[PDB]
Amino acid sequence: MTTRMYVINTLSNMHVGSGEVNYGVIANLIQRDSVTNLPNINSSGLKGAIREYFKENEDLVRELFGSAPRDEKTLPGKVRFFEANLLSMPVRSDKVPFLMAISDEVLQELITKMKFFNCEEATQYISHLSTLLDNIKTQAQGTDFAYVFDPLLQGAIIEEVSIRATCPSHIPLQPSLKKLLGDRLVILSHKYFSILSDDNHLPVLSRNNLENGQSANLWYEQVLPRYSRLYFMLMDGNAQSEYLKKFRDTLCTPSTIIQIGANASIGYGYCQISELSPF
RNA sequence: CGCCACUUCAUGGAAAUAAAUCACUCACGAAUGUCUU
């Protein structure tokens, strides 16, 4: 009945359009945070996607998300949606197809956000993540780092930024932290993550428009890689317990897939919303 | 005039060389520029 953390875990490519005026080759760019330039989803897009999924359940939509745009009478929604910040991203590797890349700065920002928002299971996650971050800083000692926690993953190569994965044996990764951040997790410096998540390294796809075999238009598209993880905060205010429980159970159902992003018909931005499990 | 055979069985040179290494076209088009209480 308070602020809750949700994880997105996109199962496909995701393209949430900024609508910004492009200065380069990529016509369609993805939404990025103003301050940190990390990929993000606007709260309006999150609310739109979740309302689209639940649109059939009219009472739940009216109670939680509010009235329709054409409704003759307006009811404010009881649920407040926040921005979805990038948690982890898949990066190309050599021993494995990919690794889930996280940075120290995004971990610190997540800790600050949970402290500021006071999530449901905030305390244990804050304590364990703070201990992990302090151990990481103790082992790094001001140097650029890339730490794997699976012993088999030692010596892994991040392809885009040519760095090698080290294994600190005295830094334990708790199972809940693995469930939150992902499997085959790599913790590296935020400079490496910023380079990996910048415009020159995010996947760019060429697209065509053909009329009777003649190309009408050409443009390039930017997408967020599949299996990337994003987190947002949901504030319910104080909604009906039955509608809120229905919303949480439907969201956490393994068979529930939410479409966030532009290209729905060609399978862009299908995700599985998770809840912060108790530690 | 008679009688009678042995010997030798591939070396040297050339073992790739130039020309073209992407060209032209499309590089966003249409809708929405606020709407409902």
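Cβ: placed from backbone, ideal geometry, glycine included. Neighbour counts: every protein chain shown. Taken together, the values in this text are just the output of simple stated rules run on the coordinates, not laboratory data.
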Name the pairs whose Cβ atoms lie under 7 Å apart, with the first residue in region A:68-87 and within 14 Å of A:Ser44 (Cα to Cα), the second exposed (fewer than 10 other Cβ atoms within 10 Å of the Cβ) and of a type outside the set (S, T, N, Q), and 6 or more positions between them or separate chains?
none
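Which of the residues that make up region A:61-93 are outside any loop (DSSP other than H, G, I, E, B), of a type in the set (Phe, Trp, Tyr) and away from RNA strand B (no atom under 16 Å from the Cβ)?
Taking region A:61-93 as the starting set, the residues that turn out to be outside any loop (DSSP other than H, G, I, E, B) are A:61-65, A:80-81, A:84-92.
Applying the additional criterion that residues be of a type in the set (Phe, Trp, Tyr) yields A:65, A:81.
The one that is outside any loop (DSSP other than H, G, I, E, B), of a type in the set (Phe, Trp, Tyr) and away from RNA strand B (no atom under 16 Å from the Cβ): A:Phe81.
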In region A:32-60, what residues are surrounded by 20 or more Cβ atoms within 10 Å (Cβ to Cβ) and within 16 Å of RNA strand B (Cβ to nearest atom)?
A:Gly45
What tally of residues in region A:63-76 results from selecting those that are surrounded by fewer than 16 Cβ atoms within 10 Å (Cβ to Cβ) and either under 22 Å from the mean Cα position of the chain (by Cα) or charged (D, E, K, R) (or both)?
4
Taking only region A:1-14 into account, find how many residues are touching a strand residue (DSSP E or B) at 6+ places or on another chain (Cβ under 6 Å), surrounded by 17 or more Cβ atoms within 10 Å (Cβ to Cβ) and under 17 Å from A:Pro225 (Cα atoms).
6
Filtering region A:2-34 for residues that are part of a loop (DSSP other than H, G, I, E, B) and either in contact (Cβ under 8 Å) with a residue 12 or more places away in the chain or under 25 Å from A:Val79 (Cα atoms) (or both) leaves a count of 16
Cβ-Cβ under 6 Å, sequence separation 6+ or interchain: first residue in region A:257-268 and on the phi > 0 side of the Ramachandran plot, partner in a loop (DSSP other than H, G, I, E, B) and surrounded by 13 or more Cβ atoms within 10 Å (Cβ to Cβ). Which pairs?
A:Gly261/A:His15; A:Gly261/A:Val16; A:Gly261/A:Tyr268; A:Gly261/A:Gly269; A:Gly267/A:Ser12
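Hey, among A:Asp199, A:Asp183, which residue is under 30 Å from A:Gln272 (Cβ atoms), in contact (Cβ under 8 Å) with a residue 12 or more places away in the chain, within 16 Å of RNA strand B (Cβ to nearest atom) and part of a loop (DSSP other than H, G, I, E, B)?
Working: A:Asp183 fails: within 16 Å of RNA strand B (Cβ to nearest atom).
Criteria check complete, one pass: A:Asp199.
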List pairs: first residue in region A:42-67 and of a type in the set (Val, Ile, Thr), second residue surrounded by fewer than 16 Cβ atoms within 10 Å (Cβ to Cβ) anywhere in the structure, Cβ distance under 7 angstrom, at least six positions apart or on different chains.
A:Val61/A:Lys55
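Looking at A:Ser169, A:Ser176, A:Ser228, A:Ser194, can you tell me which residue is buried (at least 18 other Cβ atoms within 10 Å of the Cβ) and more than 16 Å from RNA strand B (Cβ to nearest atom)?
Selected residue: A:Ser228, the only one of A:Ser169, A:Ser176, A:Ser228, A:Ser194 that is buried (at least 18 other Cβ atoms within 10 Å of the Cβ) and more than 16 Å from RNA strand B (Cβ to nearest atom).
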